[PDB]
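Chemist: My complex, part one, positions kept as in the full thing:
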Amino acid sequence: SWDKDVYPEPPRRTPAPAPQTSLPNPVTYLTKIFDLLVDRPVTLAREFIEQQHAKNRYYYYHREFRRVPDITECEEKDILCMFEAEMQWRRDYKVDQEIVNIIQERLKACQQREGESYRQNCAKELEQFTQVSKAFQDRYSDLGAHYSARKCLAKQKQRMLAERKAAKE
């Protein structure tokens, strides 16, 4: 259902069972019992409810907002343009937060999945999260509780001035 590109899950590698002891594995019998007595009725109920849903098939859409002139392209006291730009900035802020969340989910899933080899098998995920963290922190940090698009603009301008000074040295 979800985008495997967004949520990368490495192809599963389950080893083949090769019993070397005559004793019957209790797990196999228990799993068969669980399947028959639980999965089957649960699946039947799911099928019935899915039929009911298929009958009443309706769709919900995703609202998309057009791009609006940023606070950079906005007059000093033009409250209308400022409101538009600030709302756009807040929307982008939320989107960036959700991007950070997605990468974090990737990292946690990698930590659990790779088990004891997590340190060596999650380098890519750690690097991705580090990049996203750095970017998000540089863009949005220390703005304060009363954050605003003007505050991010001021922080970016200060950063750019510092970059200019460093490059000039």
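Modeler: Yep, it's here. Numbering: from 1, shown residues only, chains lettered A, B, ... in the order given.

Chemist: Just the buried positions in the host helix or strand of residue A:96, please.
Modeler: Using DSSP states H and E, residue A:96 sits in helix A:79-113. Buried residues in helix A:79-113, defined by neighbour count with 16 or more other C-beta atoms under 10 Å: A:81-82, A:84-86, A:88-89, A:93, A:100, A:103, A:106-107, A:110. Every residue, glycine included, has its C-beta placed from N, CA and C.

Chemist: May I have the helix or strand that residue A:47 is a member of as CSV, with CA atoms only?
Modeler: Using DSSP H and E, residue A:47 maps to helix A:40-55. The C-alpha trace of helix A:40-55 is given here as CSV (Å, rounded to 0.1, in the frame of the first residue of the first chain):
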residue,chain,number,x,y,z
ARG,A,40,-9.4,-18.3,9.4
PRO,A,41,-12.4,-16.7,11.2
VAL,A,42,-10.6,-13.4,11.3
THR,A,43,-10.0,-13.6,7.6
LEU,A,44,-13.6,-14.5,7.0
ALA,A,45,-14.8,-11.5,9.0
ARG,A,46,-12.4,-9.3,7.1
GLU,A,47,-13.7,-10.6,3.8
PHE,A,48,-17.3,-9.9,4.8
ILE,A,49,-16.5,-6.4,5.9
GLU,A,50,-14.4,-5.8,2.7
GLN,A,51,-17.5,-6.9,0.6
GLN,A,52,-19.6,-4.4,2.5
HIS,A,53,-17.0,-1.7,1.9
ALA,A,54,-16.8,-2.6,-1.8
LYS,A,55,-20.5,-2.0,-2.1
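
Chemist: Another chain to add, chain B:
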Amino acid sequence: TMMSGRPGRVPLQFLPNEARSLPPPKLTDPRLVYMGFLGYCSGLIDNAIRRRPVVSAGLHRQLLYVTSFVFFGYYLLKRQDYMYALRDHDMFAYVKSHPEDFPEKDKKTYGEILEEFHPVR
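Modeler: Adding chain B to what we have so far:
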């Protein structure tokens, strides 16, 4: 003294003729409704002080209270609107007649201006 000494102000005139050019306050104006509310409250207080039923004694008395309050309030609101219109008119005329004293500052976008960022740590 502000507009107390405006040129052409006829003395002891509640509403000059020029006020008629302004829209009359609506009879359903919320301010007028509050005036009527004050009148009704006055009626209730009068009943209370005279030890007579507060919500029923002298319905004509309370009616007259409300009518008087609304009636005077209508003209009061009309005069208030007239005076505020005078304020706006005179201010705009003065700005027009004195352009040098009211210059138009250059309009610069936020991308151009520089505002110091104060980090909240």
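
Chemist: Show me what the helix holding residue A:96 is packed against.
Modeler: helix A:118-121, helix A:123-139, helix A:149-167 (3 or more C-beta pairs under 8 Å, 6 or more residues apart in numbering or on different chains; DSSP states H and E).

Chemist: how close does residue A:136 get to residue A:8?
Modeler: Residue A:136 sits 20 Å away from residue A:8, going by C-beta to C-beta, to the nearest Å.

Chemist: And these two? Which one has more around it.
Modeler: Comparing residue A:136 with residue A:8 by neighbour count (other C-beta atoms under 10 Å in any protein chain shown), the higher total belongs to residue A:136, at 16 against 12.

Chemist: which ones are touching the closest residue to that one other than its chain neighbours?
Modeler: Distances taken as C-beta to C-beta, 6 or more residues apart in numbering or on different chains put residue A:100 closest to residue A:136, at 5.4 Å, once the chain neighbours are dropped. Counting by C-beta atoms under 8 Å, 6 or more residues apart in numbering or on different chains, residue A:100 touches A:132-133, A:136.
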